[PDB]
Amino acid sequence: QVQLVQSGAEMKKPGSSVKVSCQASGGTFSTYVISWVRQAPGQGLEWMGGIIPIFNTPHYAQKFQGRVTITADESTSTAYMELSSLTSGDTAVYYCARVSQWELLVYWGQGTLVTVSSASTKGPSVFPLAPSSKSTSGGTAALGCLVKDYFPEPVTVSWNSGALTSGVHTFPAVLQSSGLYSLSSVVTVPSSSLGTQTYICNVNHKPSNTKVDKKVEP
Amino acid sequence: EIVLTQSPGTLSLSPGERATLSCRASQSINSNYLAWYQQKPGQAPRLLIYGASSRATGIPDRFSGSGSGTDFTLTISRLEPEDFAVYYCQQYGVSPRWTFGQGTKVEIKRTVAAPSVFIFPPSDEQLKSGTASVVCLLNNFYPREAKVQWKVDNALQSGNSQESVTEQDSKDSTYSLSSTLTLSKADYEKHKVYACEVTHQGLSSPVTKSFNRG
Amino acid sequence: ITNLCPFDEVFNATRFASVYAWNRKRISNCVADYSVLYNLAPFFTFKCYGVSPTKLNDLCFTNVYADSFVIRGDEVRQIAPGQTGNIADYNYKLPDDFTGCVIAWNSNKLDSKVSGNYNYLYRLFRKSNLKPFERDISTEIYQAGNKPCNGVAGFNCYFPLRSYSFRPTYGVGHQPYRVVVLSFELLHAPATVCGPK
Ligand SMILES: *[C@@H]1O[C@H](CO[C@@H]2O[C@@H](C)[C@@H](O)[C@@H](O)[C@@H]2O)[C@@H](O[C@@H]2O[C@H](CO)[C@@H](O)[C@H](O)[C@H]2NC(C)=O)[C@H](O)[C@H]1NC(C)=O
């Protein structure tokens, strides 16, 4: 096993450039074909370009001439990928992947999220979606947490600290005209077990070091 | 300049049945250099098949690829709950020239389920921030396609609501959905009747859920 | 020379050839790191002959040949110069002036099967021993007796090929082993299969 450590998440303001990096521990870095793959969210894998380091001749996909540039450095055995003139279309996960002339697997790296936006790291404001006094839908009722206005992604949402896991539904984030992200998570509970058992959602945002717990109640 | 082209676009099959995914090239292809991935939501592509025929470490027996030249085939024999994904077919040399296929989406087929509907007024806590968010929950339903209509008083609200769709469950195989209407606290307190009208195939006539501010 | 050698199409391919009908890949105009052959997976055997293993990444050759087949574990020692047995005599024969390497790994997980894998085949019998690098693809009928059989299979009238039987409980010597013979050929003035250097 030869490992592919990619560099960490980035945020770039539109019009700038980004340089993601990819490093091969050991092996035979010079005679791999190194290659970069993009996935914009909700879409399909796109091949971007590649390089054999021992030849330093890289090839690109016709979708990207003027913008991308792949390079690689034999000494610290890392390849780089440099995307210029960014726009919002370029917010994606960027993977390096290698194949070897000794085996037919293509090996993949971790992934690296690049978010293109002018926003600033903001953490979420959390509000109760408080159950109502219908109490009638099969003895079951809904309640939840609204996780509003955060950047960049991602958020994690737990219910009473890992306990409550069934009925819980945590929705994918939507990006609003703000330029910020919003998200919701709800849980279906027996209305009997309402004004008895206490429900808390645990919302957690590593990019901004924000933890918050609210209490949802009517 | 290879163009791989997957068929069909979308597969709904009820469990245990026979899933057959095509991939076609625009030229012929060395076929040692053709792979198959599954991707389930929020995860990296996972390698299933490499060298047109070999299963990758850990992949279950009921997955299998064959084909040659211009025509390659991933087959799932005993389709299971957890076996919907987008499947990609990749071609790859020992040279810098690879390509992928637009994808093929596979999903479980259920008996139609009707959605339970909940409306949630903006919380008082949120209100003091200067914004309001009315939220509509459609809860456990098949098929996916549902229509959600927001009414402020009796006016219909196009353009200031967003939907998000949970991925298909692995136990009951139903979807969920949340529509969020966002007004300023200003506008929210100019109006009085907030309503959520939900059209779905499982429903004879569209259901409405409403609240009066106060 | 602007390409890198497709050895992977030979080492890691989903299916290997039967030893009586062994495959040969001819390699040209490319670069390769033989590094890999020293540090590798379990059950690797890696005898070498004409060259020292340590120097391959330095040297250059006109043309490399990759022969590959499946034989049975305890038969892997036939695959070496001046050697005897029903593999070296009747199926696959190396010379004496063999410049090359002989790689070979267990493949119980690839090739055995749970009812028997009966479609890897070897040659039982041949009137004459095989000349080096000859590939006798012949069906036939071999008379192991007196009476001619005029091309029918019968008593002492053997169809010349037999199926290996590969179950994954067989134990290491009756277990299928994939084998690759690399051959390093130094000839006329193009020398186009070089290493990193
Ligand atoms: C093709 O090769 C793969 C990978 O080869 C291994 O890793 C390489 C880096 C190299 O060191 C090889 O010599 C190694 O064997 C084989 O996959 C491995 O298979 C074993 C058992 O099947 C398993 O324990 C490992 O986890 C696998 N490694 C990976 C990365 O999947 C594979 O079996 C070979 N396929 C064929 C058809 O020969």
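Shown for chain C, in order and in Swiss-Prot numbering: 332-528.
Structure determined by X-ray crystallography, 2.9 Å.
Placement of Cβ uses the backbone N, Cα and C atoms for every residue, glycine included.
Swiss-Prot has this to say about the protein:
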- C:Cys336-C:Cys361: disulfide bond (DISULFID)
- C:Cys379-C:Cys432: disulfide bond (DISULFID)
- C:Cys391-C:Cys525: disulfide bond (DISULFID)
- C:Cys480-C:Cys488: disulfide bond (DISULFID)
- C:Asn343: N-linked glycosylation site (CARBOHYD)
- C:448-456: region 'Immunodominant HLA epitope recognized by the CD8+' (REGION)
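Here the candidates are the disulfide-bonded residues C:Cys336, C:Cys361, C:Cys391, C:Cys525. The one whose C-alpha lies nearest to that of C:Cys480 (disulfide bond) is C:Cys336. Comparing C:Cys488 (disulfide bond) with C:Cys432 (disulfide bond), their Cα atoms are 38 Å apart once rounded.
By a Cβ separation below 8 angstroms, chain B lies close to these of the recorded positions C:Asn343, C:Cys361, C:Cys432, C:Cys488, C:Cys525: C:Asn343.
The CA atom of C:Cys361 (disulfide bond) is located 19 Å away from the CA atom of C:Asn343 (N-linked glycosylation site).
Looking only at Cα atoms, C:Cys525 (disulfide bond) sits nearest to C:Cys336 among the recorded positions C:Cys336, C:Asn343, C:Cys379, C:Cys432. Counting only residues at least six positions away in the same chain, the Cβ atoms of C:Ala522, C:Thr523, C:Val524, C:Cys525, C:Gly526 sit under 8 Å from the Cβ of C:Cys391 (disulfide bond).
Looking only at other Cβ atoms within 10 Å, the busiest spot among the disulfide-bonded residues C:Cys432, C:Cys525 turns out to be C:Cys432. Ligand 1 lies within reach of C:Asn343 from the recorded positions C:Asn343, C:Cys361, C:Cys379, C:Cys391, C:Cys480, C:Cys488, judged by a C-beta closer than 6 angstroms to any of its atoms.
When the Cα atoms are compared, C:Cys336 (disulfide bond) and C:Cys379 (disulfide bond) turn out to be 20 Å apart. A sphere of 10 angstroms centred on the C-beta of C:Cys379 (disulfide bond) encloses 19 other C-beta atoms.
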